[PDB]
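Going in written order, the chains are labelled A, B, C, D and E, and every chain counts its residues from 1.
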Amino acid sequence: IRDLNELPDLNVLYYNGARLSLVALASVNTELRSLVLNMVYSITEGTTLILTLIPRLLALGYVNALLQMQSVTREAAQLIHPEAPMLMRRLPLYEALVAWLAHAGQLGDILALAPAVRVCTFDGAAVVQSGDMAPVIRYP
Amino acid sequence: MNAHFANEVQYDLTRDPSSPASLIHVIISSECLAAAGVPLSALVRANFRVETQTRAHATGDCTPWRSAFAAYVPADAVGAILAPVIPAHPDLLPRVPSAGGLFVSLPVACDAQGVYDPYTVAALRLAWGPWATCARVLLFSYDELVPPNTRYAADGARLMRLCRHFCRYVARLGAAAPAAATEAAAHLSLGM
Amino acid sequence: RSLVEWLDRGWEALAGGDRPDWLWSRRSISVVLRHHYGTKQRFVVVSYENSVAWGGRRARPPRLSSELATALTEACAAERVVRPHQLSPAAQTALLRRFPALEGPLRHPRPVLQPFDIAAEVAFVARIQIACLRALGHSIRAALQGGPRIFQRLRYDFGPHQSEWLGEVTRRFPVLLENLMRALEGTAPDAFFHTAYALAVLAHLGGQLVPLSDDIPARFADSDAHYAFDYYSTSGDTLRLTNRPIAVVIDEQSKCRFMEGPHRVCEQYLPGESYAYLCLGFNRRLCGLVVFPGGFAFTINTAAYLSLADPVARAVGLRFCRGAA
Amino acid sequence: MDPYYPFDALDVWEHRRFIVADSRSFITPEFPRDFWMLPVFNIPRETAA
Amino acid sequence: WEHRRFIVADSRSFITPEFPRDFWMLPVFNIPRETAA
């Protein structure tokens, strides 16, 4: 996203006392450009439908009141901060929700990354090093 | 450096706005603190907490004390601003050493058609510990704090040194330099 | 792509991170040298280029104007006068018409601070110093006036050889009473406010909040038995041996005990327990106690002689105390 | 200059564990009082006046 | 056990102070409303 206009951190990861470097590049950035074009759009479509519906309806009795209790300088302040650099024919609001839940619901499937391997070592090291073989089950 | 950033986030609550205010980033020196009855070694032991309140010109009540942010540098303070140093490469920017102190931005009481009353007082407090002997209070006047005019003029030539220092530092590093850096050196040299 | 973006990409090449602290450093930086009226030393006012605070190129109107200040200079400058109160009231009202806020310093009959001065704030402090001292000497003179018999309000056992020491306390007795009020007067007005006595005042007027630095123990507001103390060297130079005012509760003779909590050797002892300590104390009620070595001690009520204006008292507290939690 | 007292002195035995109705004593230094000097405050060379 | 001499701590015991004659009149005990300091 930063290449579409970074930090000195965010390129270094720590797991189990070991350091990684995700830099270790432009070929990788074009390898990943389609996800950036979907992760941006699924948010910018998302935040607008939140912003163009709550002042549009705020449907009242306890539904909007519990919403406003959640929007007490938390969502409405985030609304008034975004609608300051924004605005407030027929806008296809209800039609875009189906188009958004189908698209943004799809990216949760892709970025889920389900576990298959569950390691139960027995008579072995509780930490298996890099390059070594690990006893693996997917069954109870 | 970061003590001014964090405070402006606090001044972004516009305070109230009903009573209009302003903010002035201040770098106290160490020798100004030393003469203020401040042990220097005690601070060194990365922000630091400071209480402030504003005091009326002639009659009135002082503002209730409010906590601000402070970061003390036992080095050249103006130099850290001017010539930031890459953690990896110190030699990138050579600079003249100087002294320094804590960074605190201070509130300024404004009006509708904001005009400060000179001789009105803003106050700090410095706590080295619970007891009052570890507490000092320093005073300032809106005359003392607010200079009539600023200078962005002298800072202009500084930047061209950077374009020269980068172009100079990369030329030394040569082959070892990352390609993106050597690239920028080409354009930045063309701007020289 | 300006040259700046390449600089902004110059770091991001050698950095590996944006580091917003550096981003303003690559921009313009306004450095204005100033001087500190108190220490005569220097402190540097800085306003960044993108800084929202004063001096920054991005700032909210209205901004700070010299309208009040600039006039006040030439008001008595054109009059060649040192002070605005020596300025004629015609010109004094002249700036009042433009500037309605100047009523307070000019039109107030008894300003708690000397208006349009610098050290006026210091004069506010030093007079309180004097105000506290006379509240002692007159009260000290009170209980001691006709030659009394103090006996002792404390409990200690004496050896046959220790009696010879106490004989020296007689002769040595009056000289100390001078030296206390000597130093008590001689203390710097700032540092004086850290002493056990100034805390009793800031406690007493607060009783009519939490005095700052939390020097007061939480139970000091419970009973009039909770006290505060300082110690003073009996021999040689008479000095204040205690940074931290010591809190002791008393209960005719009654025993004593410390309260709940680097090291001060003076703190392992009870007041008046040993030689070479003059033990001075007060109360939330501000009934003073003066404890000499050997346990012989008498009360003093200094609240009677203490005289202060409530508008001063409430103004002093808000500086030296804090609204209680 | 001897301070007044009702009693001269007594001789009492006290066991360590059985101490009841506790009390405290007074401390004098270990050097002769000839080394314990009279109190002195130096008046500063000048007055703020 | 332990042995020492003993003197009862009593509020009837006292150490008699004696002041100088000019002791009560001093620039210390007597302060004006506003001093030069």
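One rule holds in what follows: a contact is a pair of C-beta atoms (placed from the backbone, for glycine too) under 8 Å apart; a residue touches a chain by one contact, two chains touch by 3 or more.
Undergrad: Could you pull out the chain whose C-alpha mean position is farthest off from that of chain C?
TA: A
Undergrad: What pair of chains is linked by the most C-beta contacts?
TA: Summing C-beta contacts for every pairing gives the maximum at B-C.
Undergrad: Just the number, please: Cα centre separation of chain B and chain D in whole Å.
TA: 56
Undergrad: How many angstrom lie between the centres of chain A and chain E, each centre taken as the mean Cα position?
TA: 79
Undergrad: Distance from the CA centroid of chain C to that of chain D, rounded to the nearest Å?
TA: Centre separation, chain C to chain D: 34 Å.
Undergrad: Using mean C-alpha positions as chain centres, tell me how far chain A is from chain D in Å, no decimals.
TA: 77
Undergrad: Where does chain E touch two or more other chains at once, residue-wise?
TA: 5-10, 12-16, 37
Undergrad: Going by the contact rule already set, what residues in chain B reach two or more other chains?
TA: Within chain B, no residue touches at least two other chains.
Undergrad: By residue number and range, which residues of chain A touch two or more other chains?
TA: Answer for chain A, listing residues that touch two or more other chains: 8.
Undergrad: Determine which chains touch and list them pairwise.
TA: Every touching chain pair, ordered by label, is A-C, B-C, C-D, C-E, D-E.
Undergrad: Going by the contact rule at the top, pick out the chain B residues touching chain C in the complex.
TA: The touching residues are 1-2, 4-5, 7-8, 11-12, 20, 22-29, 31-32, 35-37, 53, 55-62, 64-65, 77-78, 81-84, 86, 88-89, 92, 101, 105, 108, 110-119, 121, 125, 127, 130-135, 137-141, 143-148, 150-152, 154-156, 158-159, 162-163, 166, 178, 180-181, 184, 187-188, 191.
Undergrad: For the complex, which residues does chain C have touching chain B?
TA: The contact residues of chain C facing chain B are 1, 3, 6-7, 9-15, 19-22, 25-26, 28-32, 34-49, 51-55, 62-69, 72, 101, 104-105, 108, 111-118, 121, 190, 193-194, 199, 212-215, 243-244, 311, 314-315, 318-319, 322-323.
Undergrad: Which residues of chain D touch chain E once you look at their complex with the stated criterion?
TA: Listed in rising order, the residues of chain D that touch chain E are 3-16, 23, 47-49.
Undergrad: What part of chain A is in contact with chain C in the complex they form?
TA: Touch residues, chain A against chain C: 2, 6-11, 23.
Undergrad: If you look only at chain E, which of its residues touch chain D in the complex?
TA: Spelled out, the residues of chain E in touch with chain D are 1-3, 5-10, 12-16, 36-37.
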